[PDB]
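> Once you've seen the sequence and the experimental structure below, I've got questions.
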Amino acid sequence: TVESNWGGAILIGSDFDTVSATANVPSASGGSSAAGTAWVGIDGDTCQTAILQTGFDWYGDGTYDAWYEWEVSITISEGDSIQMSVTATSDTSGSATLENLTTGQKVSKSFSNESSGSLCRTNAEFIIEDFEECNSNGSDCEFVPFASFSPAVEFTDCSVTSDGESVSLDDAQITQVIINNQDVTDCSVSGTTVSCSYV
Ligand SMILES: N[C@@H](Cc1ccc(O)cc1)C(=O)O
């Protein structure tokens, strides 16, 4: 039973502009079906109408993948350093960028006139998640088995902007992934770093 599927730091506020950080790609285990994801994003917490996010997933069979969302895809390998960023120019327009830094590859997507859902620009976050896999229309969504990973996934040089001004993580709320009533992550903040160890 997955009781909490998000681990990491969440800032609450208004007019959030850009959210970005660099994260290392960990080694993962637990089987081909086990997985995990690290991403940066805007909204999705108190603002449940939309979510602008981008990041990458790791699977227990040693494979990886990158994605953005308001579509998958860059080649990702254990140890790579990935710079992730999202920008909300408005409640209905923005962009998502993912750059491997280690391989020199970079991908980006611009969004506009999004009708699927609008942003409030009130939540900024750096998250490690036990994501869901859905199918059969949408009548069946299940959390993927949570993969073990190492070393710790660290979001470094975290940056959050509001109305053009910087916002420290000083007052960010902290959450942990919790499965079968046990913390499976130990995410903590310090300076401009959000560090999440697997437990
Ligand atoms: N994962 C939840 C959404 C969620 C949003 C924010 C959280 O802090 C935790 C969970 C769902 O599938 O509906």
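That came in fine, so what should we check first? Numbering: from 1, shown residues only.

> Enumerate the beta-bridge partners assigned to the one residue sitting closest to the centre of the chain.
The residue lying closest to the centre of the chain (CA atoms, centre = their mean) is residue 39, at 1.7 Å. For residue 39, the beta-bridge partners are residue 55, residue 127 (DSSP bridges).

> Now do the contacts for it.
By CB atoms under 8 Å, 6 or more residues apart in numbering, the residues touching residue 39 are 53, 54, 55, 56, 84, 127, 129. (Each C-beta comes from the backbone N, C-alpha and C, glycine too.)

> Number of residues surrounding the last one?
I take that to be residue 129. The number of residues packed near residue 129 is 24, by other CB atoms under 10 Å.

> Spatially nearest residue to it (excluding sequence neighbours)?
residue 37 (5.0 Å; CB to CB, 6 or more residues apart in numbering).

> how about the residues of the chain that lie near the ligand?
Residues of the chain lying close to the ligand (CB under 6 Å from any ligand atom) are 5, 6, 44, 45, 132, 175.

> does the first one really touch residue 127, like I thought?
If I follow you right, that is residue 5. No: assessed by CB atoms under 8 Å, residue 5 is found out of contact with residue 127, at 9.4 Å.

> Same drill for the two, tell me which one is more crowded.
residue 127 (26 against 18).

> I figured the more buried one hits residue 11, correct?
No: when contacts are counted by CB under 8 Å, residue 127 is not listed as touching residue 11 (11.7 Å).

> quick one: the residue lying closest to residue 26 once chain neighbours are set aside and the ligand, what's the gap?
In space, and not counting its chain neighbours, residue 26 is closest to residue 149: 4.1 Å by CB to CB, 6+ apart. Separation of residue 149 from the ligand (CB to the nearest ligand atom, to the nearest Å) stands at 19 Å.

> Just list the residues touching residue 149, thanks.
26, 27, 28, 29, 36, 58, 198.

> Can you tell me who it pairs with across the strands?
Beta-bridge partners recorded for residue 149 (DSSP bridges): residue 28.

> same check, this time on the one 4 residues further on
Using DSSP bridges, the bridge partners assigned to residue 153 are residue 196.

> one step back: which one of the contacts of residue 39 is nearest the ligand?
Nearest to the ligand among the contacts of residue 39, counting by CB to the nearest ligand atom, is residue 129 at 7.5 Å.

> coming back round to it: correct me, but the residue nearest to residue 129 touches residue 131?
Yes: with contact defined as CB under 8 Å, residue 37 counts as touching residue 131 (5.2 Å).

> mind listing the helices for the protein?
Counting by DSSP state H, the chain forms no helices at all.
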